[PDB]
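A.B. asks: Below are the C-alpha cells for one structure; questions will follow.
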Amino acid sequence: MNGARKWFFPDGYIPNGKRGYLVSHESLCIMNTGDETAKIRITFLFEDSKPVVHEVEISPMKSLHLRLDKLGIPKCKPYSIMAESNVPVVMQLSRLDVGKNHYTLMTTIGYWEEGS
Amino acid sequence: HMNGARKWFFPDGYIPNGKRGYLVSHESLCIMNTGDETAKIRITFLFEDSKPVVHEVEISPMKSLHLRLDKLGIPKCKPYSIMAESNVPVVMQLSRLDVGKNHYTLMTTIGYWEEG
Amino acid sequence: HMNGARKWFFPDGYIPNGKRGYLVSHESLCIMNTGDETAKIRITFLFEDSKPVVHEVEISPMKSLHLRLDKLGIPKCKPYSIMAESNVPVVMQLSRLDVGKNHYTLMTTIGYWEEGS
Amino acid sequence: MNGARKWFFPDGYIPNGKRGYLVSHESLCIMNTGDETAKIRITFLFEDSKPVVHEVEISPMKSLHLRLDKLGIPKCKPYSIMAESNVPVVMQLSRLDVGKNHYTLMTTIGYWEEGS
Ligand SMILES: [Cl-]
Ligand SMILES: [Cl-]
Ligand SMILES: [Mg+2]
Ligand SMILES: [Mg+2]
Ligand SMILES: [Mg+2]
Ligand SMILES: [Mg+2]
C-alpha cells in the first residue's frame with residue numbers, strides 16, 4: 001500500500017518570530033516509498049477566506065520537507081491542510097515557533113484516508 | 001465522498017495558567033470541514049472528579065476553525081479530556097501552548113477518530 | 001456503540017529527572033472513558049534490558065484520568081514503552097514534560113490503538 | 001498480534017546543537033509485545049540522495065529507543081523513515097533539538113500498515 005492518497009492537518013499556522021537567520025515556519029513532510037512519481041494537490045482552508053491550492057511533486061523513494069512559509073500564505077493566519085495525491089504517500093506536519101526568547105517544536109502524523 | 005470522521009477524542013486536555021506578556025497559555029482545538037454542509041459539533045469535556053460540560057460550535061463548508069478552549073469557562077489547571085461529535089465528517093487536531101515569564105512550549109497531536 | 005479501543009501502545013516512555021519550582025519532569029498517561037461501565041486497565045511497562053512491570057488503574061464512566069507515571073516507582077531516566085489493556089473501549093494519549101532550571105518543553109501523541117478502530 | 005509490520009515517519013532531521021552532555025538527536029522508539037524477536041529493516045529516504053538501509057533487532061517483550069544520530073546519517077539533512085518488521089511492533093519518533101540557548105521536544109506515533 002505504501003501510505004494513503006489523502007492527508008489532513010487541522011492546525012496550520014505560520015508564526016512570525018525569528019532568531020538570527022532561523023525563522024518560524026511549518027514543514028509539511030512527505031515521503032514516497034512507491035515506484036511512481038507523486039503529484040500532490042495541497043488545499044489550504046482558512047477561517048474566513050476561500051481555499052488556496054498548491055501543487056508539488058515527489059519522486060519515487062524520496063523525501064520532501066515542504067516549507068509552508070514560502071508559499072505566499074499569510075503569516076499568523078490560522079489554516080488547515082488537505083493534501084490529495086495520485087499515489088500513496090505518508091505525511092507529517094511540524095511547526096517551529098521561534099523568537100528572541102523562545103524556541104519550540106511540535107509535530108504530528110496526519111489523519112489519512114483513501115487506500116490506507 | 002466526504003473526508004474525515006464524525007467523532008474525535010483527545011485524552012490530554014489542560015489549560016495552563018501561565019502568562020507571557022499579552023500571550024496566555026491555552027489549547028486550540030483545530031477543526032476542518034472539507035464538506036458542503038455546515039458541521040454542527042457537540043464538544044464534551046470530561047473531568048477526573050467532576051461531571052461533564054458540553055459546548056457547541058459550528059464550522060462552515062470548506063473552512064478551518066481554531067477553537068480557543070481557554071475562552072469557554074473551563075477551569076484553568078484542571079485536567080480534562082475531549083470527545084467531539086459532528087453531524088458530518090470533519091478532522092481535528094489539539095495543540096497546547098504553555099507559556100510563562102520563563103518558558104514557552106508547544107505540543108500537538110491529531111486525535112483518535114471514529115465513524116468516518 | 002462504544003467509543004475507543006481496548007488496547008493502546010506508546011513506544012517512547014521516559015521520566016526525566018529535572019525540576020523547576022513546584023514542577024518536576026514527568027509523563028502523563030491520559031485516559032478517557034466515554035462509556036457506561038468502569039474501565040479496568042492493566043498497564044505494562046517494557047524496558048530495554050529489564051523485565052516488564054505491570055500496574056493497574058480504574059476509570060469510572062464519563063471520566064478523565066491523567067495518570068502521573070513518575071509516581072509509580074519506575075526508575076527515572078530509564079527508557080521504556082507502554083502497552084495498556086482495558087476491559088472496555090477507552091482512548092489514550094501520552095505527554096511528557098521535560099523541565100529543569102534552564103529548560104521547559106512538552107511533547108505529546110495520541111497512541112497506537114488496537115481492537116476498537 | 002499487537003502492532004503492525006510497517007511504520008512510516010516523514011519528518012526526520014538530526015539537529016547539530018549540543019549542551020554539555022545533551023546532544024540533539026532523534027530517537028526511533030520501538031516496542032515488541034510479541035513472543036518472537038523482531039528483525040527490522042529501517043529505510044532512510046532523502047530529498048536528493050538514494051536510500052540507506054539499516055537493520056536492528058528487538059527481543060520479545062522489550063523496548064528499544066534507537067538513537068538515529070549514531071547511524072552515520074548526515075546531520076542537518078532532511079529525511080524520512082520507513083521501517084519494516086517481520087513481526088508486529090509499534091513505533092514512535094521523537095526529536096530533541098537542543099543548543100546553548102534552546103531545548104525542545106516533539107513526538108508522534110507513526111503511520112502504520114499491515115497491522116492487526
Ligand atoms: Cl509534539
Ligand atoms: Cl502526535
Ligand atoms: Mg519546547
Ligand atoms: Mg514540543
Ligand atoms: Mg522550549
Ligand atoms: Mg505530537
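Residues are named by chain letter and number: chains run A, B, ... in the order of the C-alpha cells, numbers start at 1 in each chain, and ligands are numbered from 1 in the order shown.
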Kindly compile the residues surrounding ligand 4 within 6 Å, counting only C-alpha atoms and all ligand atoms, and format them as a ChimeraX atom specification.

C.D. replies: /A:104-106 /B:105-107 /C:105-107 /D:104-106

A.B. asks: Okay, now the selection with C-alpha atoms, as a PDB file, in the first residue's frame?

C.D. replies:
```pdb
ATOM      1  CA  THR A 104       9.778  25.262  20.413  1.00  0.00           C
ATOM      2  CA  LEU A 105       8.763  22.379  18.146  1.00  0.00           C
ATOM      3  CA  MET A 106       5.548  20.374  17.819  1.00  0.00           C
TER       4      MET A 106
ATOM      5  CA  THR B 105       6.441  25.386  24.629  1.00  0.00           C
ATOM      6  CA  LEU B 106       4.090  23.714  22.152  1.00  0.00           C
ATOM      7  CA  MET B 107       2.772  20.168  21.797  1.00  0.00           C
TER       8      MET B 107
ATOM      9  CA  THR C 105       9.364  21.549  26.995  1.00  0.00           C
ATOM     10  CA  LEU C 106       6.296  19.447  26.188  1.00  0.00           C
ATOM     11  CA  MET C 107       5.645  16.716  23.619  1.00  0.00           C
TER      12      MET C 107
ATOM     13  CA  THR D 104      12.716  21.410  22.785  1.00  0.00           C
ATOM     14  CA  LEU D 105      10.993  18.078  22.176  1.00  0.00           C
ATOM     15  CA  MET D 106       8.413  16.911  19.633  1.00  0.00           C
TER      16      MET D 106
END
```

A.B. asks: Would you mind listing what lies within 9 Å of residue 50 in chain D as a VMD selection string, with only C-alpha atoms counted and same-chain residues fewer than 4 positions away left out?

C.D. replies: (chain A and resid 61 to 62) or (chain D and resid 44 to 46)

A.B. asks: Keeping only N, CA and C atoms, write those residues as a PDB file, in the first residue's frame.

C.D. replies:
```pdb
ATOM      1  N   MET A  61      10.802   6.854  -3.950  1.00  0.00           N
ATOM      2  CA  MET A  61      11.784   6.633  -2.898  1.00  0.00           C
ATOM      3  C   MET A  61      12.529   7.899  -2.494  1.00  0.00           C
ATOM      4  N   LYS A  62      11.777   8.980  -2.306  1.00  0.00           N
ATOM      5  CA  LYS A  62      12.352  10.256  -1.905  1.00  0.00           C
ATOM      6  C   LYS A  62      11.537  10.897  -0.791  1.00  0.00           C
TER       7      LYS A  62
ATOM      8  N   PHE D  44      15.980   4.769   5.143  1.00  0.00           N
ATOM      9  CA  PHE D  44      16.008   6.222   5.242  1.00  0.00           C
ATOM     10  C   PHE D  44      15.950   6.794   3.831  1.00  0.00           C
ATOM     11  N   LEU D  45      14.982   7.673   3.591  1.00  0.00           N
ATOM     12  CA  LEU D  45      14.814   8.310   2.288  1.00  0.00           C
ATOM     13  C   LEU D  45      15.250   9.758   2.423  1.00  0.00           C
ATOM     14  N   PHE D  46      15.847  10.296   1.365  1.00  0.00           N
ATOM     15  CA  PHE D  46      16.332  11.669   1.381  1.00  0.00           C
ATOM     16  C   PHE D  46      15.688  12.492   0.274  1.00  0.00           C
TER      17      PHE D  46
END
```

A.B. asks: Kindly work out which residues sit at most 10 Å from ligand 6, using only C-alpha atoms and all ligand atoms, and give the list as a ChimeraX atom specification.

C.D. replies: /A:92-94,105-110 /B:93-95,106-110 /C:93-95,106-111 /D:92-94,105-110

A.B. asks: Which residues of chain A come within 12 Å of chain B, and for each one, what is the closest pair of atoms and their distance in Å to one decimal, counting only C-alpha atoms, sorted by chain and residue number, as JSON lines?

C.D. replies:
```
{"residue": "A:5", "atom": "CA", "partner": "B:3", "partner_atom": "CA", "distance": 11.8}
{"residue": "A:6", "atom": "CA", "partner": "B:3", "partner_atom": "CA", "distance": 8.8}
{"residue": "A:7", "atom": "CA", "partner": "B:3", "partner_atom": "CA", "distance": 9.6}
{"residue": "A:8", "atom": "CA", "partner": "B:91", "partner_atom": "CA", "distance": 7.1}
{"residue": "A:9", "atom": "CA", "partner": "B:93", "partner_atom": "CA", "distance": 7.2}
{"residue": "A:10", "atom": "CA", "partner": "B:30", "partner_atom": "CA", "distance": 5.3}
{"residue": "A:11", "atom": "CA", "partner": "B:30", "partner_atom": "CA", "distance": 5.4}
{"residue": "A:12", "atom": "CA", "partner": "B:30", "partner_atom": "CA", "distance": 8.6}
{"residue": "A:13", "atom": "CA", "partner": "B:66", "partner_atom": "CA", "distance": 9.8}
{"residue": "A:43", "atom": "CA", "partner": "B:34", "partner_atom": "CA", "distance": 9.8}
{"residue": "A:44", "atom": "CA", "partner": "B:64", "partner_atom": "CA", "distance": 8.9}
{"residue": "A:45", "atom": "CA", "partner": "B:63", "partner_atom": "CA", "distance": 5.3}
{"residue": "A:46", "atom": "CA", "partner": "B:64", "partner_atom": "CA", "distance": 4.9}
{"residue": "A:47", "atom": "CA", "partner": "B:64", "partner_atom": "CA", "distance": 4.7}
{"residue": "A:48", "atom": "CA", "partner": "B:63", "partner_atom": "CA", "distance": 7.1}
{"residue": "A:49", "atom": "CA", "partner": "B:63", "partner_atom": "CA", "distance": 7.8}
{"residue": "A:50", "atom": "CA", "partner": "B:63", "partner_atom": "CA", "distance": 7.6}
{"residue": "A:51", "atom": "CA", "partner": "B:62", "partner_atom": "CA", "distance": 7.3}
{"residue": "A:52", "atom": "CA", "partner": "B:62", "partner_atom": "CA", "distance": 10.8}
{"residue": "A:77", "atom": "CA", "partner": "B:66", "partner_atom": "CA", "distance": 10.2}
{"residue": "A:78", "atom": "CA", "partner": "B:66", "partner_atom": "CA", "distance": 6.8}
{"residue": "A:79", "atom": "CA", "partner": "B:64", "partner_atom": "CA", "distance": 5.8}
{"residue": "A:80", "atom": "CA", "partner": "B:64", "partner_atom": "CA", "distance": 5.6}
{"residue": "A:81", "atom": "CA", "partner": "B:32", "partner_atom": "CA", "distance": 8.2}
{"residue": "A:82", "atom": "CA", "partner": "B:34", "partner_atom": "CA", "distance": 8.1}
{"residue": "A:83", "atom": "CA", "partner": "B:3", "partner_atom": "CA", "distance": 11.2}
{"residue": "A:84", "atom": "CA", "partner": "B:3", "partner_atom": "CA", "distance": 11.1}
{"residue": "A:92", "atom": "CA", "partner": "B:110", "partner_atom": "CA", "distance": 10.2}
{"residue": "A:93", "atom": "CA", "partner": "B:109", "partner_atom": "CA", "distance": 9.9}
{"residue": "A:94", "atom": "CA", "partner": "B:108", "partner_atom": "CA", "distance": 9.3}
{"residue": "A:95", "atom": "CA", "partner": "B:106", "partner_atom": "CA", "distance": 9.0}
{"residue": "A:96", "atom": "CA", "partner": "B:106", "partner_atom": "CA", "distance": 9.2}
{"residue": "A:97", "atom": "CA", "partner": "B:106", "partner_atom": "CA", "distance": 8.3}
{"residue": "A:98", "atom": "CA", "partner": "B:104", "partner_atom": "CA", "distance": 9.5}
{"residue": "A:99", "atom": "CA", "partner": "B:104", "partner_atom": "CA", "distance": 10.2}
{"residue": "A:100", "atom": "CA", "partner": "B:104", "partner_atom": "CA", "distance": 11.6}
{"residue": "A:101", "atom": "CA", "partner": "B:104", "partner_atom": "CA", "distance": 8.6}
{"residue": "A:102", "atom": "CA", "partner": "B:104", "partner_atom": "CA", "distance": 6.0}
{"residue": "A:103", "atom": "CA", "partner": "B:104", "partner_atom": "CA", "distance": 7.4}
{"residue": "A:104", "atom": "CA", "partner": "B:105", "partner_atom": "CA", "distance": 5.4}
{"residue": "A:105", "atom": "CA", "partner": "B:106", "partner_atom": "CA", "distance": 6.3}
{"residue": "A:106", "atom": "CA", "partner": "B:107", "partner_atom": "CA", "distance": 4.9}
{"residue": "A:107", "atom": "CA", "partner": "B:108", "partner_atom": "CA", "distance": 6.1}
{"residue": "A:108", "atom": "CA", "partner": "B:109", "partner_atom": "CA", "distance": 5.2}
{"residue": "A:109", "atom": "CA", "partner": "B:110", "partner_atom": "CA", "distance": 7.0}
{"residue": "A:110", "atom": "CA", "partner": "B:110", "partner_atom": "CA", "distance": 6.2}
{"residue": "A:111", "atom": "CA", "partner": "B:110", "partner_atom": "CA", "distance": 6.6}
{"residue": "A:112", "atom": "CA", "partner": "B:4", "partner_atom": "CA", "distance": 8.3}
{"residue": "A:113", "atom": "CA", "partner": "B:3", "partner_atom": "CA", "distance": 7.8}
{"residue": "A:114", "atom": "CA", "partner": "B:3", "partner_atom": "CA", "distance": 9.3}
```

A.B. asks: Kindly save the residues from that selection, with C-alpha atoms included, as an mmCIF file, in the first residue's frame.

C.D. replies:
```
data_model
loop_
_atom_site.group_PDB
_atom_site.id
_atom_site.type_symbol
_atom_site.label_atom_id
_atom_site.label_comp_id
_atom_site.auth_asym_id
_atom_site.auth_seq_id
_atom_site.Cartn_x
_atom_site.Cartn_y
_atom_site.Cartn_z
ATOM 1 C CA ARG A 5 -3.770 9.176 -1.012
ATOM 2 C CA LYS A 6 -5.361 11.836 1.208
ATOM 3 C CA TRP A 7 -3.858 13.553 4.268
ATOM 4 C CA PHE A 8 -5.320 16.139 6.648
ATOM 5 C CA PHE A 9 -3.799 18.581 9.150
ATOM 6 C CA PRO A 10 -6.264 20.819 11.026
ATOM 7 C CA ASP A 11 -3.756 23.012 12.892
ATOM 8 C CA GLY A 12 -1.850 25.173 10.441
ATOM 9 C CA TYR A 13 -0.251 28.466 11.462
ATOM 10 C CA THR A 43 -5.515 22.647 -0.412
ATOM 11 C CA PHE A 44 -5.326 25.310 2.286
ATOM 12 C CA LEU A 45 -8.545 26.136 4.146
ATOM 13 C CA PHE A 46 -8.990 29.291 6.192
ATOM 14 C CA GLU A 47 -11.382 30.565 8.849
ATOM 15 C CA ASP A 48 -12.988 33.350 6.798
ATOM 16 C CA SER A 49 -11.306 33.196 3.381
ATOM 17 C CA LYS A 50 -11.710 30.858 0.416
ATOM 18 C CA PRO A 51 -9.352 27.910 -0.265
ATOM 19 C CA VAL A 52 -5.969 28.209 -1.965
ATOM 20 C CA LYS A 77 -3.253 33.315 9.904
ATOM 21 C CA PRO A 78 -4.878 30.059 11.081
ATOM 22 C CA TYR A 79 -5.469 27.454 8.390
ATOM 23 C CA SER A 80 -5.929 23.733 7.778
ATOM 24 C CA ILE A 81 -4.456 21.414 5.172
ATOM 25 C CA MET A 82 -5.957 18.777 2.901
ATOM 26 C CA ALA A 83 -3.464 17.059 0.613
ATOM 27 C CA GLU A 84 -4.507 14.749 -2.208
ATOM 28 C CA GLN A 92 3.667 14.664 8.858
ATOM 29 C CA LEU A 93 3.357 18.337 9.851
ATOM 30 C CA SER A 94 5.815 20.081 12.155
ATOM 31 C CA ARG A 95 5.966 23.640 13.401
ATOM 32 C CA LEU A 96 8.956 25.616 14.637
ATOM 33 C CA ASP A 97 7.905 28.650 16.680
ATOM 34 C CA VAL A 98 10.974 30.748 17.465
ATOM 35 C CA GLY A 99 11.745 34.245 18.645
ATOM 36 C CA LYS A 100 14.374 36.195 20.541
ATOM 37 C CA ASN A 101 13.359 34.497 23.785
ATOM 38 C CA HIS A 102 11.688 31.229 22.778
ATOM 39 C CA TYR A 103 12.218 28.161 20.592
ATOM 40 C CA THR A 104 9.778 25.262 20.413
ATOM 41 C CA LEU A 105 8.763 22.379 18.146
ATOM 42 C CA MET A 106 5.548 20.374 17.819
ATOM 43 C CA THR A 107 4.603 17.664 15.343
ATOM 44 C CA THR A 108 2.046 15.082 14.360
ATOM 45 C CA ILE A 109 1.469 12.406 11.783
ATOM 46 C CA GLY A 110 -1.671 13.452 9.917
ATOM 47 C CA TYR A 111 -5.115 11.903 9.622
ATOM 48 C CA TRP A 112 -5.284 9.776 6.475
ATOM 49 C CA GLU A 113 -7.735 8.091 4.138
ATOM 50 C CA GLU A 114 -8.163 6.622 0.644
#
```

A.B. asks: Working over all C-alpha atoms in order, superimpose chain A onto chain D by least squares and state the RMSD in Å.

C.D. replies: 0.5 Å

A.B. asks: At most 12 Å is the cut-off: for each residue in chain C with any atom that close to an atom of ligand 5, write down the nearest atom pair and the distance in Å rounded to one decimal, counting only C-alpha atoms and all ligand atoms, chain first then increasing number, as CSV.

C.D. replies:
```
residue,atom,partner,partner_atom_place_in_ligand_line,distance
C:97,CA,ligand 5,1 (Mg),10.5
C:98,CA,ligand 5,1 (Mg),9.4
C:99,CA,ligand 5,1 (Mg),9.2
C:100,CA,ligand 5,1 (Mg),10.8
C:102,CA,ligand 5,1 (Mg),9.4
C:103,CA,ligand 5,1 (Mg),6.2
C:104,CA,ligand 5,1 (Mg),5.2
C:105,CA,ligand 5,1 (Mg),4.7
C:106,CA,ligand 5,1 (Mg),7.8
C:107,CA,ligand 5,1 (Mg),10.3
```

A.B. asks: Could the residues in this selection be written to a file with N, CA, C and O atoms, as a tab-separated table (two decimals), in the first residue's frame?

C.D. replies:
```
chain	number	residue	atom	x	y	z
C	97	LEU	N	6.64	16.10	30.07
C	97	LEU	CA	7.11	17.42	30.45
C	97	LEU	C	8.56	17.21	30.88
C	97	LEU	O	8.83	16.46	31.83
C	98	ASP	N	9.48	17.84	30.17
C	98	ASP	CA	10.89	17.74	30.48
C	98	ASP	C	11.25	19.15	30.94
C	98	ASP	O	11.28	20.08	30.14
C	99	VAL	N	11.51	19.30	32.23
C	99	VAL	CA	11.82	20.61	32.78
C	99	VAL	C	13.07	20.61	33.64
C	99	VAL	O	13.46	19.58	34.19
C	100	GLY	N	13.70	21.77	33.75
C	100	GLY	CA	14.90	21.91	34.55
C	100	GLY	C	15.09	23.38	34.84
C	100	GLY	O	14.25	24.20	34.46
C	102	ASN	N	17.06	25.38	33.47
C	102	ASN	CA	17.23	26.09	32.21
C	102	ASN	C	16.50	25.55	30.98
C	102	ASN	O	16.92	25.80	29.85
C	103	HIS	N	15.41	24.81	31.18
C	103	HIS	CA	14.62	24.31	30.06
C	103	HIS	C	13.21	23.92	30.51
C	103	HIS	O	12.98	23.66	31.69
C	104	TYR	N	12.29	23.88	29.55
C	104	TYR	CA	10.90	23.54	29.83
C	104	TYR	C	10.27	23.20	28.48
C	104	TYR	O	10.09	24.08	27.64
C	105	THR	N	9.94	21.94	28.27
C	105	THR	CA	9.36	21.55	27.00
C	105	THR	C	8.34	20.43	27.12
C	105	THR	O	8.44	19.58	28.01
C	106	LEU	N	7.36	20.44	26.22
C	106	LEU	CA	6.30	19.45	26.19
C	106	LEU	C	6.25	18.73	24.84
C	106	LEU	O	6.60	19.30	23.82
C	107	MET	N	5.82	17.48	24.85
C	107	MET	CA	5.65	16.72	23.62
C	107	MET	C	4.48	15.78	23.91
C	107	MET	O	4.25	15.41	25.06
```

A.B. asks: Write out as a PyMOL selection string the residues lying within 7 Å of residue 41 in chain B, counting only C-alpha atoms and excluding same-chain residues fewer than 4 positions away.

C.D. replies: chain B and resi 56-58+84-87

A.B. asks: Go ahead and write the residues just picked, N, CA, C and O atoms, as a PDB file, in the first residue's frame.

C.D. replies:
```pdb
ATOM      1  N   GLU B  56     -21.080  23.766  22.188  1.00  0.00           N
ATOM      2  CA  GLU B  56     -21.453  23.583  20.792  1.00  0.00           C
ATOM      3  C   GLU B  56     -20.787  24.622  19.906  1.00  0.00           C
ATOM      4  O   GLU B  56     -20.664  25.789  20.279  1.00  0.00           O
ATOM      5  N   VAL B  57     -20.354  24.189  18.729  1.00  0.00           N
ATOM      6  CA  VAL B  57     -19.711  25.080  17.772  1.00  0.00           C
ATOM      7  C   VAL B  57     -20.103  24.629  16.376  1.00  0.00           C
ATOM      8  O   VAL B  57     -20.549  23.500  16.184  1.00  0.00           O
ATOM      9  N   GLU B  58     -19.942  25.521  15.407  1.00  0.00           N
ATOM     10  CA  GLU B  58     -20.263  25.215  14.021  1.00  0.00           C
ATOM     11  C   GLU B  58     -19.092  25.602  13.131  1.00  0.00           C
ATOM     12  O   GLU B  58     -18.360  26.543  13.436  1.00  0.00           O
ATOM     13  N   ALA B  84     -15.507  14.996  20.808  1.00  0.00           N
ATOM     14  CA  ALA B  84     -16.238  15.899  19.933  1.00  0.00           C
ATOM     15  C   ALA B  84     -17.017  15.064  18.931  1.00  0.00           C
ATOM     16  O   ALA B  84     -16.475  14.141  18.319  1.00  0.00           O
ATOM     17  N   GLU B  85     -18.296  15.384  18.773  1.00  0.00           N
ATOM     18  CA  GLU B  85     -19.161  14.644  17.866  1.00  0.00           C
ATOM     19  C   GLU B  85     -19.793  15.595  16.858  1.00  0.00           C
ATOM     20  O   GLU B  85     -20.422  16.582  17.233  1.00  0.00           O
ATOM     21  N   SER B  86     -19.626  15.282  15.578  1.00  0.00           N
ATOM     22  CA  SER B  86     -20.147  16.108  14.498  1.00  0.00           C
ATOM     23  C   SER B  86     -21.234  15.390  13.707  1.00  0.00           C
ATOM     24  O   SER B  86     -21.280  14.161  13.684  1.00  0.00           O
ATOM     25  N   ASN B  87     -22.110  16.159  13.063  1.00  0.00           N
ATOM     26  CA  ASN B  87     -23.180  15.575  12.261  1.00  0.00           C
ATOM     27  C   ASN B  87     -22.634  15.128  10.908  1.00  0.00           C
ATOM     28  O   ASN B  87     -23.217  14.270  10.244  1.00  0.00           O
TER      29      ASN B  87
END
```

A.B. asks: What's around residue 1 in chain D at 10 Å? Count only C-alpha atoms, leave out sequence neighbours fewer than 3 positions away in its own chain, and write the answer as a list in words.

C.D. replies: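 Here the answer would be residues 114 of chain C; 4, 33, 34, 35, 87, 88, 89, 115 and 116 of chain D.
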
A.B. asks: Put those residues in a file: N, CA and C atoms, as a short mmCIF file (atom, residue, chain, number, x, y, z; two decimals), in the first residue's frame.

C.D. replies:
```cif
data_model
loop_
_atom_site.label_atom_id
_atom_site.label_comp_id
_atom_site.auth_asym_id
_atom_site.auth_seq_id
_atom_site.Cartn_x
_atom_site.Cartn_y
_atom_site.Cartn_z
N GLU C 114 -5.58 -0.69 19.12
CA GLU C 114 -5.97 -1.97 18.56
C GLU C 114 -7.26 -2.45 19.20
N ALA D 4 1.93 -3.46 14.15
CA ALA D 4 1.89 -3.50 12.69
C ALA D 4 3.28 -3.83 12.17
N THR D 33 5.78 -6.54 21.71
CA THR D 33 4.99 -7.22 22.73
C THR D 33 4.74 -8.67 22.35
N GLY D 34 5.37 -9.11 21.27
CA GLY D 34 5.20 -10.48 20.81
C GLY D 34 6.11 -11.47 21.50
N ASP D 35 6.09 -12.71 21.01
CA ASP D 35 6.89 -13.79 21.56
C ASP D 35 8.15 -14.09 20.76
N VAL D 87 7.66 -9.19 12.23
CA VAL D 87 6.59 -9.43 13.19
C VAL D 87 6.02 -8.08 13.61
N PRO D 88 4.76 -8.06 14.08
CA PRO D 88 4.14 -6.80 14.50
C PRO D 88 4.86 -6.09 15.66
N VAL D 89 5.02 -4.78 15.53
CA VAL D 89 5.64 -3.95 16.55
C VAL D 89 4.94 -2.59 16.53
N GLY D 115 -1.01 -4.22 9.89
CA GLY D 115 -1.09 -4.46 11.32
C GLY D 115 -2.44 -5.00 11.76
N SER D 116 -2.44 -5.84 12.78
CA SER D 116 -3.67 -6.44 13.30
C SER D 116 -4.52 -5.45 14.08
#
```

A.B. asks: If we count only C-alpha atoms, what is near range 45-59 of chain C at a cut-off of 8 Å, once residues fewer than 2 positions away on the same chain are taken out, given as a short mmCIF file (atom, residue, chain, number, x, y, z; two decimals) with N, CA, C and O atoms, in the first residue's frame?

C.D. replies:
```cif
data_model
loop_
_atom_site.label_atom_id
_atom_site.label_comp_id
_atom_site.auth_asym_id
_atom_site.auth_seq_id
_atom_site.Cartn_x
_atom_site.Cartn_y
_atom_site.Cartn_z
N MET C 32 -9.35 8.36 28.82
CA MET C 32 -10.72 8.82 28.92
C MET C 32 -11.67 7.66 28.68
O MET C 32 -11.41 6.79 27.84
N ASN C 33 -12.75 7.64 29.44
CA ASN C 33 -13.77 6.60 29.35
C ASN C 33 -15.10 7.28 29.08
O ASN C 33 -15.65 7.93 29.97
N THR C 38 -17.30 1.02 34.18
CA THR C 38 -15.97 1.34 34.68
C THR C 38 -14.92 0.55 33.90
O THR C 38 -15.10 -0.63 33.61
N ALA C 39 -13.83 1.22 33.56
CA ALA C 39 -12.76 0.57 32.82
C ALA C 39 -11.66 0.11 33.77
O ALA C 39 -11.19 0.88 34.61
N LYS C 40 -11.29 -1.16 33.65
CA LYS C 40 -10.22 -1.74 34.46
C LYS C 40 -9.07 -1.87 33.47
O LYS C 40 -9.16 -2.61 32.49
N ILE C 41 -8.00 -1.14 33.73
CA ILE C 41 -6.87 -1.12 32.82
C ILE C 41 -5.57 -1.66 33.41
O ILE C 41 -5.16 -1.28 34.50
N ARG C 42 -4.95 -2.57 32.67
CA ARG C 42 -3.68 -3.18 33.05
C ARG C 42 -2.62 -2.47 32.21
O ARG C 42 -2.66 -2.52 30.98
N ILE C 43 -1.69 -1.81 32.88
CA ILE C 43 -0.63 -1.07 32.20
C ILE C 43 0.70 -1.78 32.32
O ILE C 43 1.25 -1.90 33.42
N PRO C 61 -17.20 5.71 34.50
CA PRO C 61 -17.89 6.16 33.29
C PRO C 61 -17.88 7.68 33.12
O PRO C 61 -18.04 8.41 34.09
N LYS C 63 -15.48 9.81 32.58
CA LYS C 63 -14.44 10.45 33.37
C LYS C 63 -13.10 10.46 32.65
O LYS C 63 -12.87 9.69 31.72
N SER C 64 -12.23 11.36 33.10
CA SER C 64 -10.89 11.50 32.56
C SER C 64 -9.92 11.09 33.66
O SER C 64 -10.24 11.17 34.85
N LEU C 65 -8.74 10.63 33.27
CA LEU C 65 -7.71 10.27 34.23
C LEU C 65 -6.35 10.61 33.65
O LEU C 65 -5.95 10.06 32.62
N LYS C 78 15.20 6.12 32.56
CA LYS C 78 15.29 4.75 32.07
C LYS C 78 14.25 4.59 30.97
O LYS C 78 13.05 4.63 31.23
N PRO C 79 14.69 4.41 29.72
CA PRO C 79 13.75 4.25 28.61
C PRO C 79 12.81 3.06 28.79
O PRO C 79 13.21 2.01 29.30
N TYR C 80 11.56 3.24 28.37
CA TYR C 80 10.58 2.17 28.46
C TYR C 80 9.50 2.39 27.41
O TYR C 80 9.53 3.38 26.67
N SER C 81 8.58 1.44 27.32
CA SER C 81 7.46 1.52 26.38
C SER C 81 6.24 1.08 27.17
O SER C 81 6.36 0.37 28.17
N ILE C 82 5.06 1.49 26.71
CA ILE C 82 3.82 1.17 27.40
C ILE C 82 2.79 0.44 26.56
O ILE C 82 2.52 0.82 25.43
N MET C 83 2.22 -0.62 27.13
CA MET C 83 1.13 -1.34 26.49
C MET C 83 0.03 -1.29 27.54
O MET C 83 0.24 -1.67 28.69
N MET D 31 8.68 -1.00 20.18
CA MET D 31 8.32 -1.93 21.24
C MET D 31 7.83 -3.21 20.60
O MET D 31 7.16 -3.18 19.57
N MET D 61 8.93 -8.80 24.29
CA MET D 61 8.57 -8.03 25.48
C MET D 61 9.67 -7.08 25.92
O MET D 61 10.01 -7.00 27.10
N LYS D 62 10.22 -6.35 24.95
CA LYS D 62 11.27 -5.38 25.23
C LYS D 62 11.02 -4.08 24.47
O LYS D 62 10.26 -4.05 23.50
N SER D 63 11.68 -3.03 24.93
CA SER D 63 11.60 -1.70 24.33
C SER D 63 12.98 -1.43 23.73
O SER D 63 13.97 -2.01 24.14
N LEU D 64 13.02 -0.56 22.72
CA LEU D 64 14.28 -0.18 22.11
C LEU D 64 14.17 1.26 21.66
O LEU D 64 13.36 1.59 20.79
N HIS D 65 14.94 2.13 22.29
CA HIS D 65 14.96 3.55 21.94
C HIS D 65 16.21 3.72 21.08
O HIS D 65 17.31 3.95 21.59
#
```

A.B. asks: Let's see if you can do this: from backbone DSSP, list all strand (DSSP E or B) residues in chain A, as JSON, numbers by chain.

C.D. replies: {"A": [4, 5, 6, 7, 8, 9, 10, 11, 12, 18, 19, 22, 23, 25, 26, 27, 28, 29, 30, 31, 32, 38, 39, 40, 41, 42, 43, 44, 45, 46, 52, 53, 54, 55, 56, 57, 58, 62, 63, 64, 65, 66, 67, 79, 80, 81, 82, 83, 84, 85, 86, 87, 88, 89, 90, 91, 92, 93, 94, 95, 96, 97, 98, 99, 102, 103, 104, 105, 106, 107, 108, 109, 111, 112, 113]}

A.B. asks: If we count only C-alpha atoms, which residues of chain B reach to within 6 Å of chain C? Please list them as a VMD selection string.

C.D. replies: chain B and resid 11 to 12 46 to 48 80 to 81 105 107 109
